Amino acid sequence: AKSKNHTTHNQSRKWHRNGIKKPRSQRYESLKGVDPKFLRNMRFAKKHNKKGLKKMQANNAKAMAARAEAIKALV
RNA sequence: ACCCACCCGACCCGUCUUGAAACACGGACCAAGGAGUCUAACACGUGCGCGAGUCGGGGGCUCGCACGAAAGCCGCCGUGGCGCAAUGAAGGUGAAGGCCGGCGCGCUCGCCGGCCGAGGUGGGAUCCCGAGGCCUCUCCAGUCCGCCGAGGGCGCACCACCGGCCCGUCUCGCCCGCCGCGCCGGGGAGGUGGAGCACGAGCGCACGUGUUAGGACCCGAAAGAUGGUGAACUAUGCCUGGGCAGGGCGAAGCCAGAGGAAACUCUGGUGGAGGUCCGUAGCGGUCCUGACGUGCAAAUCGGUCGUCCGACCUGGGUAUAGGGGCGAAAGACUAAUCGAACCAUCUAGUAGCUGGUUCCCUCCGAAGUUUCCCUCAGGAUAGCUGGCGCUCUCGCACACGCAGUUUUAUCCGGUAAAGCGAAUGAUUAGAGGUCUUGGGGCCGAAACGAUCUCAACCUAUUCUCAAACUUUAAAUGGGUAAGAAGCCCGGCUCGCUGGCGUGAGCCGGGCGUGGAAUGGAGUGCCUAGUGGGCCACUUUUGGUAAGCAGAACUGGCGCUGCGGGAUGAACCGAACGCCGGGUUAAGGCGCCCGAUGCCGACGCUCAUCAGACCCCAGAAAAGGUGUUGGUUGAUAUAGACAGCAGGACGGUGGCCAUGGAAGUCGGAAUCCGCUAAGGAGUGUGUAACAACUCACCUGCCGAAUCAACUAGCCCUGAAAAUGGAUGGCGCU
RNA sequence: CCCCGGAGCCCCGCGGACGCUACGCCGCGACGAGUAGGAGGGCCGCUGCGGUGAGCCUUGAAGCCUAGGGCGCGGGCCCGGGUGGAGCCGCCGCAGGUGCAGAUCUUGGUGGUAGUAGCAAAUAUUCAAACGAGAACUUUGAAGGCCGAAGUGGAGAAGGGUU
RNA sequence: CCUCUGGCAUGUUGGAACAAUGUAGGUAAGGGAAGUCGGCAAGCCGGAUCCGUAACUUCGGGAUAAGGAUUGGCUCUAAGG
RNA sequence: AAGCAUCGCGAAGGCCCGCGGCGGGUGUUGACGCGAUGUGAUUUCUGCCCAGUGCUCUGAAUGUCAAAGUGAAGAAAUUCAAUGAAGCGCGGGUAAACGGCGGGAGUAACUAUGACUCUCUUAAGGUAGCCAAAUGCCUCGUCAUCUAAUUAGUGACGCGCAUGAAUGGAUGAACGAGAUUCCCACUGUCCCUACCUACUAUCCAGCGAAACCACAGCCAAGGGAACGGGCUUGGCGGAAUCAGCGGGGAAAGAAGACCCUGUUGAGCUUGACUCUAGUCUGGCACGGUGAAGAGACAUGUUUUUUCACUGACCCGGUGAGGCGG
RNA sequence: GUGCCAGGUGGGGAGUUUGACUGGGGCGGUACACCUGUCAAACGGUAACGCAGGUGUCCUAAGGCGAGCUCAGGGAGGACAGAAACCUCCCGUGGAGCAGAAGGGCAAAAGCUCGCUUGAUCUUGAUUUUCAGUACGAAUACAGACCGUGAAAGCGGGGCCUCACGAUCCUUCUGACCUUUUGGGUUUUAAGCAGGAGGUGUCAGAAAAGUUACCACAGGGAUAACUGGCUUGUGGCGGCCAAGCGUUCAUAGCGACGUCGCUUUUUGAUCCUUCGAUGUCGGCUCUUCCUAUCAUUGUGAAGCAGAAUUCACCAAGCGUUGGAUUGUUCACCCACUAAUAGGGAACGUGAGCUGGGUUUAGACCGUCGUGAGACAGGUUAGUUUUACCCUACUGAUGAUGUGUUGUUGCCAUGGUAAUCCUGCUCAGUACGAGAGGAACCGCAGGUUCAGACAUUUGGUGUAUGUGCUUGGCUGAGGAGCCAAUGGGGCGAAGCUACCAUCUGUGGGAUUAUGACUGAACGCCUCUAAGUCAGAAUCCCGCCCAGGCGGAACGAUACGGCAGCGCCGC
Ligand SMILES: [Mg+2]
Ligand SMILES: [Mg+2]
Ligand SMILES: [Mg+2]
Ligand SMILES: [Mg+2]
Ligand SMILES: [Mg+2]
Ligand SMILES: [Mg+2]
Ligand SMILES: [Mg+2]
Ligand SMILES: [Mg+2]
Ligand SMILES: [Mg+2]
Ligand SMILES: [Mg+2]
Ligand SMILES: [Mg+2]
Ligand SMILES: [Mg+2]
Ligand SMILES: [Mg+2]
Ligand SMILES: [Mg+2]
Ligand SMILES: [Mg+2]
Ligand SMILES: [Mg+2]
Ligand SMILES: [Mg+2]
Ligand SMILES: [Mg+2]
Ligand SMILES: [Mg+2]
Ligand SMILES: [Mg+2]
Ligand SMILES: [Mg+2]
Ligand SMILES: [Mg+2]
Ligand SMILES: [Mg+2]
Ligand SMILES: [Mg+2]
Ligand SMILES: [Mg+2]
Ligand SMILES: [Mg+2]
Ligand SMILES: [Mg+2]
Ligand SMILES: [Mg+2]
Ligand SMILES: [Mg+2]
Ligand SMILES: [Mg+2]
Ligand SMILES: [Mg+2]
Ligand SMILES: [Mg+2]
Ligand SMILES: [Mg+2]
Ligand SMILES: [Mg+2]
Ligand SMILES: [Mg+2]
Ligand SMILES: [Mg+2]
Ligand SMILES: [Mg+2]
Ligand SMILES: [Mg+2]
Ligand SMILES: [Mg+2]
Ligand SMILES: [Mg+2]
Ligand SMILES: [Mg+2]
Ligand SMILES: [Mg+2]
Ligand SMILES: [Mg+2]
Ligand SMILES: [Mg+2]
Ligand SMILES: [Mg+2]
Ligand SMILES: [Mg+2]
Ligand SMILES: [Mg+2]
Ligand SMILES: [Mg+2]
Ligand SMILES: [Mg+2]
Ligand SMILES: [Mg+2]
Ligand SMILES: [Mg+2]
Ligand SMILES: [Mg+2]
Ligand SMILES: [Mg+2]
Ligand SMILES: [Mg+2]
Ligand SMILES: [Mg+2]
Ligand SMILES: [Mg+2]
Ligand SMILES: [Mg+2]
Ligand SMILES: [Mg+2]
Ligand SMILES: [Mg+2]
Ligand SMILES: [Mg+2]
Ligand SMILES: [Mg+2]
Ligand SMILES: [Mg+2]
Ligand SMILES: [Mg+2]
Ligand SMILES: [Mg+2]
Ligand SMILES: [Mg+2]
Ligand SMILES: [Mg+2]
Ligand SMILES: [Mg+2]
Ligand SMILES: [Mg+2]
Ligand SMILES: [Mg+2]
Ligand SMILES: [Mg+2]
Ligand SMILES: [Mg+2]
Ligand SMILES: [Mg+2]
Ligand SMILES: [Mg+2]
Ligand SMILES: [Mg+2]
Ligand SMILES: [Mg+2]
Ligand SMILES: [Mg+2]
Ligand SMILES: [Mg+2]
Ligand SMILES: [Mg+2]
Ligand SMILES: [Mg+2]
Ligand SMILES: [Mg+2]
Ligand SMILES: [Mg+2]
Ligand SMILES: [Mg+2]
Ligand SMILES: [Mg+2]
Ligand SMILES: [Mg+2]
């Protein structure tokens, strides 16, 4: 009593009932499996972003004032 | 709705199965009975109550309970359960951070005051603000009401990402603490394991589905175990009783007579031995393979047989009992039961295996493939199914994303083909080459001397090949990409990287349709059946082949009716709510049978076996002046072609072959003369000739003639057993 | 430039269905094969319980039968007539030992087979009479037969248990 | 096998026919195992008296070996107490 | 089965039962007996093989071998040591124990066989006998005989697939409901069938079952789960029945004995795995008295060896009848 | 001795086990865990007991660096030295080597030779490959240590890459001033935590021998042993071609090397059907079909003079026998014959038989097995059920119709029958050198088959006919009876036998074939239109049955109630 041994006959059909969906792409994928030495350093960089805040805020206010002067000169 | 008629349709259900009207099983008929239950445990969903709680048990207080064995209440209301905290094997430890100011050297470390208090990015239903319209019976003013709303905000839930905190663990480090300064205790930085925290969601009750444990959907073993009953049958022992015609053979002992010298021997009697013979009753049971075979009989009957004074037959009593007895041993017998009796129980024993499994409509609707399994008639796990949803989207003039497509870019490929004067391997032929050298020759003493030769090698060529070769190289095919998660500016962070710079991560602005066609998307939980398959196109391996076995690809059948294919799983057409009209497909249109009952068109073909439609149910090589087309060549007025009539020679017994071939078993040759012209000969035949026969030309007759291929129909090739099938009748 | 308790109405913002069991009612499109399997709805069906129908019932309940009348796609249902002779149903809830064609199913019943197979072992019966409703079979008589003293005869044992 | 003593009514029925198949009996011309797996089945033989008796042998048997003849009825004779 | 032949046992024994007993059977017995096996009267034989597996005999000369006991170190649990029973090993016997019993080459003044020789080999290498046997594949062996004809029968032959000596060989009168072959007789066995009898079957009166049963019942062909009663296409089809018949209903009978599957069994086997009654050995206990001596350690202890003793314990006898002084 | 422990022995006894896949199973293999090339249809992925192979290791270097070299092969040289020793020059895309299979990869290397070495070390996660996208193994990229090597850049955490390996439990070793060893403390011990090792090859991992013919149970047509299907290799039969054979001559008869077919009376494949059973070989008996024709009829051919013959055509009407051995099929032999052709029907035919053989159980022998047991090795003994149903067939009553009845008839359709031989004659003739040796027409008979019949012969005989005879019984005689038909002679009638006797017929159409006239094709041709002869064939005749088919004719209900036939209206 020998069987059928293997096949792939009805399988494509079976797969395509429910699509063959592409793998759901997000923005902001994880940093799992990224070269450790990198990840330390981007972690440290992220740690000290709040250091150098007061400088950054002022720079944007100076930029915003320069934009407001430019738009007044245009109008 | 009862009966009858007629036309068309129409095989018997159930079931296992790839496939059932089956020569697969179950089913004579009717009634009643008859199979997914209950308990427990889990999980998810749903409904209700309360909610950081919830809870009810168990107990108690209220009644003789009619209704109550209820109902109510309880600092027991919470002992306690579950929940509200984890993590570590454990000793144990145990979920906060930020900011600001100050003091220690701001040392991305240690200590003291103030403020905020569960971080941030992107997307987010929804709210909020809202420039601005858009009018009002006039020109302006102008509060009220809307409608829309560009633009901008707070952003639930949820998702993705990055930070953070707790426990385990590692690595590196530097400080704090005190009743006990210690092999004491506490912290930091950076990874990494945790069923964690990051303003809670549980508890109880109820219903549903699923999964289990239980007799566990219902029915079914062969077995296993405990405790009992039987020797009235039969097996063997023992006790006490009963039973066995008539004949044959004639053992020991005995007598007489005769012989013998003795030993003893003969002859005639008598005698009546024996697991002796015949043969009755008895006991048995050979053959007829007789009778019977739903019997007279759950083993009988008839004849024929074996034995019939002995290991004989036989009554009653008595002994031996179940892994035990008893056995002249056949695994025989042990109450119609024996390769382990019977009875009751354990027991509703177990069953991956048969069988069955009860009303209607509606909607969705499979699989026979995965990996694992003492797995291959079963499970597990993926897959395919359903159910419950949720989150968003906008036809409410104002859309994003997704696809069994295609387009434009761009990579991938080594199959078909092709190639072998390219590699690898195979392989033919001759040219050329003392390449090498040989082995065999012939002419050489021998000599790359001359001449051949065959070996391998080589120089150009040449024949033919490859699933496990290839320089080339398709078609079909597989990725990506075709924008807001995108571009373009400005600035900050780094313990990484570094002459300066990289690269990454952060903030803050600035810019909108970015190929065709179509379509509303996303997302989570429970989840059944299935895990025997088969069939066709094309591709394809094994095999002589198979209605054989095995893959790929799509589509079928299985699950599925309907028109066609006469008939039919699977072919072709087409996929079904119940009906009227119309129109089609694939198929048809002599009659069966709806439609050609057309003045249908043009050919082909006659068969003493005609032929007549995918799958398909049947023929080949090879033949045929049968007939019809082609193709190529001829021929012929220098009047042919056939049809009849006249000659077929000589050089020449040509040469090889003698065994005879002067043309003639065969073969190398193979030309001249006469010529009008005859082959050194097509055959007949001869031992060998001879003789005969087979061009070139005329005479007659009077226009086409003839050859070789080729392909259409038809025919030969063509033989099977019940009588027979283009479906039938038939048809020219 | 006036008020609908009155414009008279194709729109009426003063009040609003014949319609509105909002688990209702209505409108537009599309679609409809189905085993195994899943889910939904059943004013389908059975039996019992709490409610409820001032239900039904000897002026006839249940069941049974019906070439009667109907409804529903269907599960089924309702009426008429007959039969019967004592109980029974509708609705809202709850509960289940809840729906059969099959199981070589269980128990009971009934057919076809069929007036069929069959009533054939062991030689044998006949005549007259009696009784009697009735005689192939009883009894009596007569004849013809068999068992043929290892008996189909005459007596026990065991077993039966009144034969 | 037939009879007396004693006992029965032909074994759970009767009648009418006399087909095929059977079951149980018989018989067959000529041949005689040609039949058939095989003389299965049936047939031959059979009592008694008188003769006659092989191979072989465990000397006992074989042995009713085989093979032959006779057998009735009647009327007498002889022999046995 | 008689006959033959092995084997165990002198009774605190052999063999065996039993759950247990100062239990029981053999046994009311004693080797001319009890118990266990083979072979199978007589006659005549009974070859070789002790390598294998069995069984058995011996046993400080001795490898291993348990618990207890002895010593050792350790705080102790302990470990280590020496000691050392049967059993295995080690060494003898045993085949009327299971069983076993060869293969190459060459060789004789015609050829052929091979007396003879040469090897290689085992525990021996099949002896006497016997044979195509109930044992021989090839096989219907070859020769003879028996028949007209013989895969049969008999007699011979023997590199015998794969004979063979109490796994008994060869024989053999008598006997056999045993297996064959031939001959004589006899026959319906047959050529070749026929006629007769009785009881049936038949028809009737009375009486009266059963199995079986989806529906049913005329064929050919087709297709079809590849042999249809039903379907397609053809042939066709006429009530109700009687006696027969065995073609068909793939007729009935019985959930296939075969075969295969099942993680279903049972009977039996053993070199399966895991145990176990029984048995053999060692230890401790009931277990005492005396003598003697002997080693080992130590400078008393332990081991005890042998020889007595009787009081436990046992056995036998008896109507416990005379015992010791 | 008993009690209790210890070790041995212990199929006497118990319990249990005795894989899987598999063109049924068993035997054999391993396709059971891995790897290469192919299969594979140019992404990947893919099957079979597909193909060709490899694996259970090997390495202290064959691992890691760095340096330097260049390999196979060939040419040309050089004392001994030759095809091969050593040296030297040239060419050399790798044709070598790189542990092993193969594939890839590799030249100032991944090869060889040196120098120094232990990156084959310690430790987190991520990823790939198998994948369920779990494990194992194997690998990839990092990251942190500590090293190696190199001037350095770098490379290196095993082997250039693709295979070489193993869970839970248990053990063992290594590791930390580690945790626990529970009323506390110290110490041994044990228990944890983390990493290696001891193995499961049936490789995601039970601990495991047979036998059963004394057997059982659940099932299976998922699967064998028949038929039947498909196929036809194999067997059987038949073409085509034509090198040869046939003295000569390819083809009278043959036919190599090649080739194309049919057949399912061979055997295989295969497994579709049947395992809630389709009775498993042979023989007997009986019917029917096929033809691939042995004989018989009619014919063509010859290497046919005659006789004998083989080759072919129409053709299956009619035949195809008796025995010996064997269970046989098959085989062989004897005999006859005209001939002793071949098959089919579920390998026709078991409710038809038989049962000899296969194939239960009883037994023997050989070989095999320790044994239970085994043996397409031999032997012997071994239960063959049921029909009354339906159909089919056989015969038997009937049926509807015709007004009823009877008569004598016709005939639709079915069936169907004759066969072959000898002798005589032709005739010792044709023919032939002879040897030998036919035929047509006649005539006489016989075989097998069919249909009858009984005068005769035979058989039967229960006329229970008539004798005769046994045993018994009616007292005897006479007359009888009984003994399942007492026995036996003879035997009427009647059945009945190649065991007696009789009878068995004629046409038509044509087939194969051979011919006519005669074109096609100025001739010739059997043919194309036309015509002839023609047969065991076929159809009818005769012969049998006689239709839900008819025919002519007869009589048609006196009656006691009757009832009808015509005619006309
Ligand atoms: Mg499968
Ligand atoms: Mg099944
Ligand atoms: Mg099947
Ligand atoms: Mg069905
Ligand atoms: Mg069928
Ligand atoms: Mg079944
Ligand atoms: Mg049935
Ligand atoms: Mg019911
Ligand atoms: Mg819930
Ligand atoms: Mg679940
Ligand atoms: Mg359950
Ligand atoms: Mg049960
Ligand atoms: Mg058991
Ligand atoms: Mg019998
Ligand atoms: Mg009968
Ligand atoms: Mg009777
Ligand atoms: Mg048993
Ligand atoms: Mg049950
Ligand atoms: Mg299973
Ligand atoms: Mg759905
Ligand atoms: Mg490829
Ligand atoms: Mg190619
Ligand atoms: Mg299955
Ligand atoms: Mg298959
Ligand atoms: Mg199915
Ligand atoms: Mg539907
Ligand atoms: Mg369903
Ligand atoms: Mg009453
Ligand atoms: Mg109830
Ligand atoms: Mg019912
Ligand atoms: Mg009757
Ligand atoms: Mg009496
Ligand atoms: Mg009688
Ligand atoms: Mg009577
Ligand atoms: Mg009686
Ligand atoms: Mg006779
Ligand atoms: Mg014969
Ligand atoms: Mg014979
Ligand atoms: Mg006899
Ligand atoms: Mg004799
Ligand atoms: Mg012996
Ligand atoms: Mg020995
Ligand atoms: Mg043996
Ligand atoms: Mg010998
Ligand atoms: Mg004979
Ligand atoms: Mg002999
Ligand atoms: Mg022997
Ligand atoms: Mg001996
Ligand atoms: Mg022997
Ligand atoms: Mg049928
Ligand atoms: Mg029949
Ligand atoms: Mg049957
Ligand atoms: Mg079965
Ligand atoms: Mg069974
Ligand atoms: Mg299994
Ligand atoms: Mg068992
Ligand atoms: Mg063992
Ligand atoms: Mg056992
Ligand atoms: Mg298997
Ligand atoms: Mg591809
Ligand atoms: Mg280098
Ligand atoms: Mg290397
Ligand atoms: Mg590193
Ligand atoms: Mg303490
Ligand atoms: Mg046996
Ligand atoms: Mg067997
Ligand atoms: Mg036996
Ligand atoms: Mg099958
Ligand atoms: Mg020639
Ligand atoms: Mg077959
Ligand atoms: Mg049958
Ligand atoms: Mg023919
Ligand atoms: Mg047959
Ligand atoms: Mg039959
Ligand atoms: Mg039979
Ligand atoms: Mg037999
Ligand atoms: Mg037997
Ligand atoms: Mg009858
Ligand atoms: Mg007288
Ligand atoms: Mg009598
Ligand atoms: Mg003609
Ligand atoms: Mg004519
Ligand atoms: Mg004629
Ligand atoms: Mg006729």
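Some points to look at:
- Three-way shape label, chain A, alpha-carbon gyration tensor, a/c 1.5: oblate
- Angle of helix A:54-74 to the longest C-alpha principal axis of chain A, folded into 0 to 90 degrees and rounded to 10: 80°.
- Among the trypsin sites (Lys or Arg not before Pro) in chain A, those located in a DSSP loop and surrounded by at most 12 other Cβ atoms within 10 Å of their own Cβ are A:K2, A:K4, A:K21, A:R24, A:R27, A:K32, A:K50, A:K51.
- Cleavage-rule hits (chymotrypsin sites (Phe, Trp or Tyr not before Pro)) in chain A: DSSP loop, at most 10 neighbouring Cβ within 10 angstrom: A:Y28
- Computed helical MRE - 222 nm, chain A, DSSP H runs ≥ 4 contributing -39500 (n - 2.57), nearest 500: -17000 deg cm²/dmol
- Eligible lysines near A:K4 by straight Cα distance, threshold 30 Å, same-chain separation 8 or greater: A:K14
Computed from the coordinates by the stated procedures, all read-outs in this text should not be read as laboratory data. Cβ atoms come from the backbone with ideal geometry, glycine included; neighbour counts cover every protein chain shown.
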